[PDB]
Amino acid sequence: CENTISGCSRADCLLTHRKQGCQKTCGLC
């Protein structure tokens with residue numbers, strides 16, 4: 355699994371409307 359978008363940031367893990375795109379940077383998967 356990986357993020358489906360680029361420009362991911364660890365601050366994007368604080369967003370639940372961007373963690374879907376950046377799940378790898380969120381640590382969801």
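Basically this note's numbering = 1-based index in the sequence shown + 354.
Virtual Cβ for every residue (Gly too), placed ideally from N, Cα, C.
By the neighbour-count criterion, in which a residue is buried when 16 or more other Cβ atoms sit within 10 angstroms of its Cβ, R364 is exposed. In terms of Cβ geometry, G381 and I359 do not form a close pair [threshold 7 Å]. Within 10 angstroms of the beta-carbon of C355 lie fewer than 16 other beta-carbons, which makes it exposed.
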